[PDB]
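As you go down the protein sequences, you meet chains BBB and AAA in turn. Going letter by letter, the first sequence gives residues 2 to 739, 746 to 976 in the authors' numbering. Take the second sequence: its position 533, counting from 1, is numbered 534 in the authors' numbering, and each next residue is one higher. Below is one structure, written out as structure tokens; the observations come after it.
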Amino acid sequence: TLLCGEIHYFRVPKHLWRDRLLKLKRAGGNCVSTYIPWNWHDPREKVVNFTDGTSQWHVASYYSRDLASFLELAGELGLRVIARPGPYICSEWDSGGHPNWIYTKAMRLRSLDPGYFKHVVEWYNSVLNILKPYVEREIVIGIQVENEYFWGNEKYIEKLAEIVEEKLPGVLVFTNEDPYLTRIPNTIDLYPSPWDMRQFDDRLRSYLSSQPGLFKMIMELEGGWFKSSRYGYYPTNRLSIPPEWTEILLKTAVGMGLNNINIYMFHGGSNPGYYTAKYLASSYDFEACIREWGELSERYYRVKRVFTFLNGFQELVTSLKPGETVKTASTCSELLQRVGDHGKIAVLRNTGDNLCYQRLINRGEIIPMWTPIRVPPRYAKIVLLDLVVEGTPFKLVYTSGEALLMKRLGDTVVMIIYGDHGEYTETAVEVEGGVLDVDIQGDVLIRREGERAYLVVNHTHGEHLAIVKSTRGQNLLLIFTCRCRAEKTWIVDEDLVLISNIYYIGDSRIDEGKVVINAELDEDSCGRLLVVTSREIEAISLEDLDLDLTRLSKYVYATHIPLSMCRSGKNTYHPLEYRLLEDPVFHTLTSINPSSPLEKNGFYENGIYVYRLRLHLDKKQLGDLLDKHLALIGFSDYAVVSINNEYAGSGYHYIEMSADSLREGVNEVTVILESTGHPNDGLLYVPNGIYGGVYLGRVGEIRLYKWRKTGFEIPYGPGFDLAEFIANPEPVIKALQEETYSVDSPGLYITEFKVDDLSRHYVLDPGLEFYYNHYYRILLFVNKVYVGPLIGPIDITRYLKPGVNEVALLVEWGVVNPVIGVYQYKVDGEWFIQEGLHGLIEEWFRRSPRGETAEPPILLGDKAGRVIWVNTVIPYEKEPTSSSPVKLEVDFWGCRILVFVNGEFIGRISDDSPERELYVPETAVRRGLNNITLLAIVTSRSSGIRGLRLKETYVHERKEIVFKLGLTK
Amino acid sequence: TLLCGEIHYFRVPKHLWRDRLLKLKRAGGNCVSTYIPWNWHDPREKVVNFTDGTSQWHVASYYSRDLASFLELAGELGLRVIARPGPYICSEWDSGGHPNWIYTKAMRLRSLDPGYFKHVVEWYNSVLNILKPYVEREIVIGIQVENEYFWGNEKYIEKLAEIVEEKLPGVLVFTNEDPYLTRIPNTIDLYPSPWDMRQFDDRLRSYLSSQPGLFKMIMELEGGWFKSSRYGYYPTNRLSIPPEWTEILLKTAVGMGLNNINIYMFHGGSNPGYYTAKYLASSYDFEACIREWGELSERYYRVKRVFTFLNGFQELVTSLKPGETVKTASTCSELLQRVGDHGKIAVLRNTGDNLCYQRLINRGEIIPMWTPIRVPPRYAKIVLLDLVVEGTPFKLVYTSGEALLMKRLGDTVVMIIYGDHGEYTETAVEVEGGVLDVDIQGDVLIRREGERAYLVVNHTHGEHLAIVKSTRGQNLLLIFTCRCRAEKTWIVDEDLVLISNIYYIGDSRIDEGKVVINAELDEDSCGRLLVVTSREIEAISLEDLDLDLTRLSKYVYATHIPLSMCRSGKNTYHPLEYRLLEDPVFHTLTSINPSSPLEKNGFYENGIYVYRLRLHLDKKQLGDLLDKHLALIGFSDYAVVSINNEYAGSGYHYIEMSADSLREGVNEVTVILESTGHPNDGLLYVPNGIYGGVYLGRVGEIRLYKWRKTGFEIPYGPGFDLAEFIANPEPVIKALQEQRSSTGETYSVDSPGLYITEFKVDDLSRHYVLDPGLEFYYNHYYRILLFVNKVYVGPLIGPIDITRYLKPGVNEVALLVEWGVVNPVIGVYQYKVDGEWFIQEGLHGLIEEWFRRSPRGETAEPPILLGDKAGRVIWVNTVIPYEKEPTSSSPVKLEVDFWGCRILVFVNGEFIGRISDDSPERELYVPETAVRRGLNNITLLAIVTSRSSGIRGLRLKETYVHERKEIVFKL
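Here it is, written out as structure tokens:
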């Protein structure tokens, strides 16, 4: 009943909403799911925005807050909606959907702590008021509260659910991955690694045995995975999620009795500007069914065959219970079976790489009779048994083929059954009162016995037709097609099924006595088109051209799109020239207390910040220096540092520079810093900008080599509050009152190190391993005193005593390799902060001063620590279309690059990005001259831009197909 | 040390040999391996052919038997050769390499049976004479005898080895997958399934502790997999073999001590004409490193990184021994380790889908100091430890990066080290005499401690350089690059290394003060090029464009190819017009005895045959007839049948048709039949053509559902001769005569064993035909022995009339499954129809060479509907203008949209291959050698197999358009 895809209105240009949703509908989806992110609607703590307006430079004009329009569009296209308002959403999104002003109100995020929960009450009021009319009109059918509250806190979850129930009485309310709930329905999120089924099967089984009688759903069935900078890969951080894998998970879920399924993500789209979670790529492509740029991937067509089956047999599927009577002949495939009054499904699962030939035992009969069931490699086949065709004399005793769909056309029931090229299928039809006749088109062999017709078909690139005629004037029309044509079978309106090679059938409009269809043709979209309809078809036209039209039988017409109308086009577009202009950088600077977290000084945006530090060194300290290294320690996230107008260094979180630029008296330090967004864990406060400080002279280091792991149990359960435990870990303090080289799994780790000189400064660095977009929960204790959750480097000087000291880490979740840096001095001075850059504030991305021409390659080593604007013009002499989407590629090194097109922020790329390209949405592109603008922060003496290009992924042809209709009978 | 790729001279147009072999050379290959197929050189049992010419219509003019020229070309390009002359080769090849005349000479194939072996002695004489000069010149360094004789027969293998040792004294001689051999070296063939390492790891472990002291080699390391019609898939029958999988297998093999490895296939190419094994596609692309059309796949660049490492650290690799001195800090990756005096390798294997951060314990030191070792997902990383750079004061204590190569340039050692974009690596260099100085280009942080420099590097899209200088006269140049540029690092000779984005570097001409190299540029080939050389470079040109030249250090130059020079072209070429001509089919028909196989009538070619059957029915037979079905039963492989000038039916091996065109007296049956090739098992005789017969009136069936599996054991071992056991299964006859004990019943005959069932025969006037079922038929033919009432009938090869073995009442059938699966049923027929049979090889249009020059046909507007021509043969001629020079940098595939045909494809008179409804694709590679600039003649021969049949159209498609450009170094 719920055949759902995740599509985020906040990750899709508003004009492309229709394209993305209709592609899900055309796949047989009947529901779309989306988060409603609190920080998307209320970033500044002002008027909640549910309009098209943005107050943020980094959010392009075509991204919208108009949730009402998204919901109406879903309704108009025939989709229901699942709403996921948070307040936490995770979703690889800045602060997991928390507005960055929340960190000023509460430490105890994701709890009933009033400092947090009062703001959650006001958010739910704003958002549930917008949802209200759409719940009443039965478009919005489900509300998720919170998101993967793994740890229990039942009264937190129940309070959220009670507010939804007060505003929206009777609406289904649930959460995901909180197994400790008795009354609020729990739903599961499944992201197993390819090929071994046991972990997935075991999680489905436990979930199905849980919460007896409550709503059952997979709220996130793996539809791919996300991409990150720093530690990421293309096409996902987990490499390719095979489309074969996704289909096996879906068919396994159907085999085990889950008929409520949401693919996460179905379409991922793009992360607008600085709404990324920390380290997230600008792309949210997700290797999804619908790629970021709108492409229907192999994963789309496999999911489509499953959703089309589940949609065109909801009767049977809703009736099914767990079964055991059916058995297999061979061990070459597994069996998952379900049984209902009027039919069964046998799911034959072959996770191995060799084709399997299977038979079933159903009531002492070995089926099929003359041919085995093919189970392809890396495939699970749904086999239909004992299916009653209601209000007819027909029973489908079995098919060894795969049923796509079943449709009533007056006196005829049509079923489409598919197989591979060269597959033999066998279908047994039983007819009450006997078989009157069988008409066949193509290669069908018939055996008759009693009231049965047996049909043996050799599948090809085409359809074989069998009509089994009853004595009561009712007919069964079987259409045997290949898997490829089943994938490109399009159900338009209702009473029009197109069996084709056509890449995509979009909008349809039935006015006059005419159906107009918007087809998108790829290279392989030409050749044979079957039309299955009760409507009289007089003519089919493709632009001007009248197509050949054959009547194959009643309800079936054949035509062809000529092979010439399918093109193999793909174009690249080069800049006319490159102009350079240096950003002055400074614009608006204000005093700030040293190490004062940006969000506690009214700065709620990520993106670029500039610090000016005025730091004081005198005779005695320069005099006594034991080592000539300056350290900038504890910032989110990436900085380029200049000292006395000389480039010094760059990097993430913690940088060691040369001290040589240092003089006696005042030293000026410039920090150009990027915040890539907050993590998406939703519990910890990882402050934007410099939360740490400046240190001088590395005098040594203390490596925490070896740890004693001790049993410790976090009391996860319905009564547990994780936010309360992180803020007050009394049970750990208690355990501390009172072998392993790697701290990489849950538990309490203790080690001892020596301190000789307490005039030194001691900074614990959590190490490279610790930093992940879904931030780890690791609690730091120094000599049995709670320092806090690890968020970054931390000065632990004030917690140290002379001689033997103790460090303990309680890993609730994650990995860390800590090391202590020892510094001579902690440098002090006056601090100034700027939000943004002069060029951004002055909107140079909308209109740049004219700069100098430059011949590529553009060498930037001399501008290390500076900001360079690079403007180019690209001719694109056609209409921007979803039929021909464009990517911008930049060949550069030693830069953090912000990309704009015609003054719209497209995203960022850096040296540690998993790709050198961005999707340029059709809404940003114009026919003619296009302005491509790079803002380049220069991070190295080895730095440059070799070039850039706009690339078409493909060029598909948009064509209108017109059906001239006659009279229905 | 043997870094080998399988490339078959008989599957590559001769003009393209150089391209395929140089691409193997360029990957770091030092050896090419090839079968020499007996049936390729002696198909007709006449003068053994080692020339360019062909006796066969279906073998294009550009395929060669000139083995000498291949061996010469391999030698010229700096490659050694492993030769594998069979006599059996398997290789998805017709009869596994046996000439089809062998079936007239012997039943006991692959044995010392004289009827087989005397002909093996003549073949081995012809072929070892061709090889002798190349063994003496040290080009051919190994000879494989036989091929996967799994079952033992040591005296048979010994006898093949003796003939080789006598003609080519002291040449290395071995076989593959015969683990019962004590004296002759055995080698291993490994084709595991992605992601569980345990089966592969256990096979390697067992092999490495077999045969004390003898030659150790993986003679076939999975390079992909083949594709079949009927039961096959794209891109292989096992779907995609992931490129990450192939690299994990290679790195595992290195980590376990195997340094002799052959990738099967490195390049697969094409199966010429009817030299396919049964059911095989005309493509042998194999999803190989080099695709059939010449493309360098992702698999190629991954294998190239491994071969480059093994070549560039030869001294280290030769020295390594087992030893377990190193430990890992965490469980997120496994460790394989080898140790020598020169240093150690730690292979960190991560078969999971998450990045692992790893540390090593070496001495009592935790390695590295400031940075963890990245082990990427689905990856095995080779970490070097304690590497002594011989004749220098440098030790590489460790690098968390991956070492690609090491090269001496005068007083400087250069090492290339790689990682992913954004990877942090840590490298520890110890200098004896102490560290004079470290000069750096790029993002290299230095920590000096002892006589040690620690170098911490963020890997980028480009190179960071560190020159560590000794207080003596000697320098360590470290170049830190990304994986992608390591993959496109090209070694043009001893002192010319290009670190690049370039898709491929081909031939070089090392003139005087000029180096000219042929580059092939894809769309990502542009950007930075680094040149590492001892040579003085004044200028670098791309054709006529002089490039920017920066001197980075003494041995390192930097340049760039402008991003504008890398196009993204891709063109489709369309036919002008279609002309149709009906083949008259009949040309020359001669008498043949009913059921007499074609090889017993002097027909040794596969391909198309036409039978005319003159069958007699009298009034009585037709009057008494109980069921209206005619069956053609037992033929190889596919038939289209007409009765009294009406299309009756089509299919593989066993066809049931309507009997309604039949009438009293003579009935004229036309059978148009294709043999797709013999199977590649090399043991059984599966006859071409009609070996069964024609039956009328299907009056029932006996389903053989339920079997008793007994405890019979085939005695495999050094003394076992499997051909002798197949010919004379005496132990099975004895097992069948003894008391049965109680045993398990099964519905599945799918694993080795003796299976027994029982059925009722009520009427011995009927005819009983056993059908082995769809499951039975596989290109590598199964071995299942049929017994009826305890009498040996024979190995199953197809449907078999078993009537004469039956008695009234309860009958027994027993199957000894040596290997395979079967699901048999007995068809019961009223009559066996007798008459006179006639055979023709080919069709009128083939014999008269219409593919070389077609008569004028009628023009036809696509789509061309053929359903009214069911059972008949139609020639479709068209012209495709191709207005460029045919080139490997722009290869073409012919696509045909059709249904209900078997199609034979010719281009400019050259047989390209076959396509049918049950093909895993609708396209063929058209080699450059068949294409011409200007008008291309595309000719299809369509056997119409159905009343729903036609050709919608066809097109020539370029896979891609790369740019060919010379890079010129002025010295």
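Think of the CB as a built atom: it goes at the ideal place given N, C-alpha and C, for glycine as much as any other residue.
### Message
What does the alpha-carbon distance come out to for the pair AAA/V340 and AAA/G258?
### Response
Residue mapping note: residue 340 of chain AAA aligns to position 339 of the second sequence, counting from 1. Residue mapping note: residue 258 of chain AAA aligns to position 257 of the second sequence, counting from 1. The straight-line gap from Cα to Cα measures roughly 10 angstroms.
#### Entry: AAA/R350: first and last residue of the uninterrupted beta strand (DSSP E) it sits in
Against the second sequence, residue 350 of chain AAA aligns to sequence position 349. AAA/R350 -> beta strand (DSSP E) spans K345 to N351.
### Query
Looking only at DSSP bridge pairs, what is BBB/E669 linked to?
Within the first sequence, the letter at position 668 stands for residue 669 of chain BBB. BBB/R615, per the DSSP bridge assignment.
### Message
Just to confirm the assignment, what range does the beta strand (DSSP E) spanning BBB/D438 have?
### Response
Residue 438 of chain BBB sits at position 437 when you count from the first residue of the first sequence. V436 to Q442 is the extent of the beta strand (DSSP E) around BBB/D438.
### Query
Of all the residues that make up the segment 360–371 of chain AAA, which are near chain BBB by a beta-carbon distance shorter than 9 angstroms?
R360, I362, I367, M370 and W371
### Task
Give every residue of the same chain whose Cβ lies closer than 6 angstroms to the Cβ of BBB/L173, excluding the five residues on either side of it in the sequence, and list them in chain order.
Here residue 173 of chain BBB refers to the residue found at position 172 when the first sequence is read from its first residue. Excluding sequence neighbours, BBB/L173 sits near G143.
### Task
Could you tell me which residues DSSP pairs with AAA/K168 in its beta bridges?
For the purposes of this step, residue 168 of chain AAA is taken as the residue at position 167 of the second sequence. In the DSSP output, where bridge partners are listed per residue, AAA/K168 has none listed.
### Task
With a floor of 3 residues, list each beta strand (DSSP E) that falls wholly inside the segment 635–715 of chain BBB, ordered by position along the chain.
647–659, 666–676, 690–704 and 709–711
### Message
Looking only at its chain, what residues have a beta carbon closer than 6 angstroms to the beta carbon of BBB/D751, apart from the 5 residues adjacent to it on each side?
### Response
Position 744 of the first sequence holds residue 751 of chain BBB. Taken in chain order, the residues that qualify are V822.
### Message
Between the alpha carbons of BBB/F899 and BBB/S950, how many angstroms are there, rounded?
### Response
Here residue 899 of chain BBB refers to the residue found at position 892 when the first sequence is read from its first residue. Here residue 950 of chain BBB refers to the residue found at position 943 when the first sequence is read from its first residue. So the alpha carbons of these two residues sit roughly 7 angstroms apart.
### Query
List, in order along the chain, the chain BBB residues whose C-beta lies closer than 8 angstroms to that of AAA/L553?
By 1-based counting over the second sequence, the position of residue 553 of chain AAA is 552. Under the 8 angstroms cutoff, chain BBB gives no residues; its nearest Cβ is about 10 angstroms from AAA/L553.
### Task
State the start and end residues of the unbroken beta strand (DSSP E) segment that holds BBB/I468.
Reading the first sequence from its first residue, position 467 is the one you call residue 468 of chain BBB. Residues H465 to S471.
### Message
Which residues does DSSP list as the beta-bridge partners of AAA/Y579?
### Response
Working through the second sequence from its first residue, we reach residue 579 of chain AAA at position 578. DSSP, once it has assigned bridges, lists AAA/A861 and AAA/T879 as partnering AAA/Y579.
### Distance, AAA/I367 Cα to AAA/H465 Cα
For the purposes of this step, residue 465 of chain AAA is identified with residue 464 of the second sequence, where counting begins at 1. For the purposes of this step, residue 367 of chain AAA is identified with residue 366 of the second sequence, where counting begins at 1. Rounded to the nearest angstrom, the two C-alpha atoms are 26 angstroms apart.
### Query
Touch check for the segment 933–940 of chain BBB and the segment 868–884 of chain BBB: three-plus C-beta pairs under 8 angstroms?
yes
#### Entry: Meets three-Cβ-pair contact criterion under 8 angstroms: the segment 126–136 of chain BBB and the segment 96–111 of chain BBB
no
### Query
AAA/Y782 by DSSP, collapsed to three states: which one?
Against the second sequence, residue 782 of chain AAA aligns to sequence position 781. Of the three classes helix, strand and coil, the one that applies to AAA/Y782 here is coil, per DSSP.
#### Entry: Closer than 8 angstroms to chain BBB by CB, AAA/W876
As a position in the second sequence, residue 876 of chain AAA is number 875, starting the count at 1. Taking Cβ atoms only, chain BBB never reaches closer than 8 angstroms to AAA/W876, which makes this a no.
### Query
Nearest chain AAA C-beta to BBB/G954 closer than 8 angstroms, yes or no?
For the purposes of this step, residue 954 of chain BBB is identified with residue 947 of the first sequence, where counting begins at 1. Yes, BBB/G954 lies at the interface with chain AAA (some Cβ there is under 8 angstroms from its Cβ).
#### Entry: Buried or exposed by the 16-neighbour rule on C-beta atoms within 10 Å, applied to BBB/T352
As a working mapping, residue 352 of chain BBB is identified with position 351 in the first sequence. With 16 or more Cβ atoms within 10 Å of its Cβ, BBB/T352 is classed as buried.
### Task
Drop a sphere of 10 angstroms on the beta-carbon of AAA/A540, count the other beta-carbons inside from all chains shown, and report buried for 16 or more, exposed for fewer.
Taking the first residue of the second sequence as 1, we reach residue 540 of chain AAA at position 539. Classification for AAA/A540: exposed.
### Query
Hey, BBB/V533 and BBB/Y505: beta-carbon distance below 8 angstroms or not?
As a position in the first sequence, residue 533 of chain BBB is number 532, starting the count at 1. As a position in the first sequence, residue 505 of chain BBB is number 504, starting the count at 1. Cβ atoms of BBB/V533 and BBB/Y505: not closer than 8 angstroms.
### Query
How close, in whole Å, do the beta carbons of AAA/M266 and AAA/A282 come, if the pair is a contact with beta carbons under 8 angstroms?
If you number the second sequence from 1, residue 266 of chain AAA lands on position 265. If you number the second sequence from 1, residue 282 of chain AAA lands on position 281. Actually they are not in contact, since the Cβ atoms of AAA/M266 and AAA/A282 sit about 14 angstroms apart, beyond 8 angstroms.
### Query
For AAA/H462, which of helix, strand or coil comes out of DSSP?
Against the second sequence, residue 462 of chain AAA aligns to sequence position 461. AAA/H462: coil per DSSP, three-state reduction.
#### Entry: Test item: CB-CB of BBB/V611 and BBB/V517 under 8 angstroms
The sequence position of residue 611 of chain BBB within the first sequence is 610, counting from 1. The sequence position of residue 517 of chain BBB within the first sequence is 516, counting from 1. Taking 8 angstroms as the Cβ cut-off, BBB/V611 and BBB/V517 do not qualify as a contacting pair.
#### Entry: Reference BBB/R486, options BBB/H460, BBB/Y234 and BBB/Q475, closest by Cα
Residue mapping note: residue 486 of chain BBB aligns to position 485 of the first sequence, counting from 1. Answer by Cα proximity: BBB/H460.
### Task
Classify BBB/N187 as helix, strand or coil using the three-state DSSP reduction.
Within the first sequence, numbered from 1, the residue matching residue 187 of chain BBB stands at position 186. DSSP places BBB/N187 in strand when its eight states are reduced to three.
### Query
Can the beta-carbon of BBB/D354 be found closer than 8 angstroms to that of AAA/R484?
In the first sequence, residue 354 of chain BBB corresponds to position 353, counting from 1. In the second sequence, residue 484 of chain AAA corresponds to position 483, counting from 1. No. Outside cutoff.
### Selection of the segment 756–780 of chain BBB by Cβ proximity to chain AAA, strictly under 8 angstroms
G774, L775 and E776
### Query
Which residues in chain AAA sit within 8 angstroms of BBB/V376, going by Cβ to Cβ distance?
Counting from one through the first sequence, the residue named residue 376 of chain BBB turns up at place 375. Within chain AAA, no residue comes near BBB/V376; the closest Cβ sits about 12 angstroms away, beyond 8 angstroms.
### Message
Using beta carbons (cut-off 8 angstroms, strictly below), is BBB/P753 in contact with chain A?
### Response
Considering every chain present, this structure includes no chain A. Its protein chains are BBB and AAA.
### Query
When the Cα of BBB/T560 is compared with those of BBB/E77, BBB/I968, BBB/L68 and BBB/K26, which residue comes out closest?
Taking the first residue of the first sequence as 1, we reach residue 560 of chain BBB at position 559. For the residues BBB/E77, BBB/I968, BBB/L68 and BBB/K26, the minimum Cα distance to BBB/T560 belongs to BBB/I968.
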